[PDB]
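Written out below as structure tokens is the structure these notes cover.
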Amino acid sequence: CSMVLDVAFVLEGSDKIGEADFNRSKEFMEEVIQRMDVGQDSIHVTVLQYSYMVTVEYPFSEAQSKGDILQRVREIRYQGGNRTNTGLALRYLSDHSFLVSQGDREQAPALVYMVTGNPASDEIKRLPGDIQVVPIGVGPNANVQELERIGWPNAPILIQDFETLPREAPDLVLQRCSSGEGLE
Ligand code: NA
């Protein structure tokens, strides 16, 4: 995927996920970033982790080089929170992450890949249309119809388990990046 695009990665880091599965989420994300054409004139990346609260791990406003991003990703510490506040994570995206004051490019399309394995603890609201969300529902505990509503027009990418996530999902994520649409 090589284009002008602002991409957000949102990882659930709750106790229900656990440290091992969160590390698998991280490794999935690292692999995607490696395959993407990340640079100042191309793809820009922001990274968020959420559970009880939301942490901006890497804002758009910081240096948009692959090396700097990937190293910050390695430095991300699993929070292990007692909630899955997906609605709050979405609010961060619309009301913080994709603002020009936080490094967002006004003329670039906005795309979010959100990795979750549990139903939302909180109230969810569909984002403004300009922020495209591709939910990645991992494991048997994902609330699929909830993700379908968050995702529209994007179908959720459903992954059987966190072990499969780093192996299977990057290909699908990059296909969606380049084409602008999911498969079949
Ligand atoms: Na944008």
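Numbering starts at 1 and runs along the sequence shown.
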*For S61 and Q102, run side chain to side chain donor-acceptor pair (under 3.5 Å): C-alpha distance rounded to whole Å, both residues' side-chain angles, the deciding distance at 0.1 Å, then the answer.*
CA-CA 5 Å; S61 57; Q102 301 297 325; 5.0 Å; no
*Say whether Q64 and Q40, considering side chains only, have a donor N or O and an acceptor N or O under 3.5 Å apart.*
no
*Does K66 reach the main-chain N or O of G39 with its side chain, forming a donor-acceptor pair under 3.5 Å?*
no
*Kindly compute the distance separating CG (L93) from OG1 (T46), expressed to the nearest 0.5 Å.*
8.0 Å
*Can you pull the ring pair (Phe, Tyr, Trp, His ring centres under 6.0 Å) pairs that have at least one residue in residues 9-49, sequence neighbours excluded?*
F22-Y78
*Are any non-hydrogen side-chain atoms of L165 and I136 less than 4.5 angstrom apart?*
yes
_Just verifying a value: how many Å separate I159 CD1 and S25 OG, rounded to the nearest 0.5 Å?_
11.0 Å
*May I ask you to test the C177-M36 pair for a side-chain heavy-atom distance under 4.5 Å?*
yes
*Any side-chain heavy atom of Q132 sitting closer than 4.5 Å to one from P153?*
yes
*asked:* Surrounding NZ of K16 (heavy atoms of other residues, nucleotides or ligands, distance under 6.0 Å), is the total greater than 12?
replied: no
_Neighbour count >12 (heavy atoms, 6.0 Å) for atom CD, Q175_ = yes
*Report yes if some heavy atom in the side chain of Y113 is under 4.5 Å from a heavy atom in the side chain of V133; otherwise report no.*
no
*If only atom types and distance count, is the side chain of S42 paired as donor or acceptor with the main-chain N or O of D37 below 3.5 Å?*
yes
*Taking the side chain as C-beta and beyond, is there a heavy-atom pair between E62 and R72 under 4.5 Å?*
yes
*Taking all non-hydrogen atoms of both residues, which atom of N141 and which atom of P119 are closest, and how far apart?*
O-CD, 3.2 Å
*If you take all heavy atoms of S14 and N118, which pair is closest and at what distance?*
OG-ND2, 3.9 Å
_Residue pair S97, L48: steps toward the side-chain contact (heavy atoms from CB on, under 4.5 Å) verdict_ = CA-CA 9 Å; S97 301; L48 294 78; 3.8 Å; yes
*What heavy-atom pair brings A108 and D6 nearest, and what distance separates the two atoms?*
CB-OD2, 3.8 Å
*asked:* Tell me whether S179 contacts the main-chain N or O of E181 through its side chain, where contact means a donor paired with an acceptor under 3.5 Å.
replied: yes
*Evaluate the side-chain proximity of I17 to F162: yes if any heavy-atom separation is below 4.5 Å, no if none is.*
yes
_Shortest non-hydrogen contact between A110 and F98, atoms and distance_ = CB-CE2, 3.5 Å
*asked:* Under the side chain to side chain contact (heavy atoms under 4.5 Å, CB included) test against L11, which residue among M29, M114, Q79 passes?
replied: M29
*Taking atom types as modelled, is there a side-chain donor on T164 or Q160 under 3.5 Å from an acceptor on the other?*
yes
*Please name the pair of heavy atoms, one in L5 and one in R105, separated by the smallest distance, quoted to 0.1 Å.*
O-NH2, 2.9 Å
*Return yes when atom CD of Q71 has more than 12 non-hydrogen atoms of other residues, nucleotides or ligands closer than 6.0 Å, and no otherwise.*
yes
*Can you establish whether the number of heavy atoms outside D41 located under 6.0 Å from its atom CG is more than 12?*
no
_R24/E163 under salt bridge (charged side-chain N to carboxylate O under 4.0 Å, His left out): CA gap, chis, key distance, verdict_ = CA-CA 7 Å; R24 291 173 176 107; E163 167 72 21; 3.5 Å; yes
*asked:* Within the supplied structure, the quantity of interest is the number of heavy atoms (other residues, nucleotides, ligands) at a distance under 6.0 Å from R35 CZ; does it exceed 12?
replied: yes
*Are the side chains of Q34 and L70 in touch, meaning some heavy atoms are under 4.5 Å apart?*
yes
Taking distance alone, no hydrogens or angles, what donor-acceptor pairs closer than 3.5 Å link side-chain atoms of residues 83-91 to residues at least two apart or in another chain?
from, atom 1, to, atom 2, distance (Å)
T84, OG1, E12, OE2, 2.8
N85, ND2, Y52, O, 2.9
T86, OG1, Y50, OH, 3.0

*Which atoms form the tightest heavy-atom contact between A142 and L147, and what is the distance?*
CB-CD1, 4.2 Å
*Do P109 and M3 come within less than 4.5 Å of each other through their side chains, counting heavy atoms only?*
yes
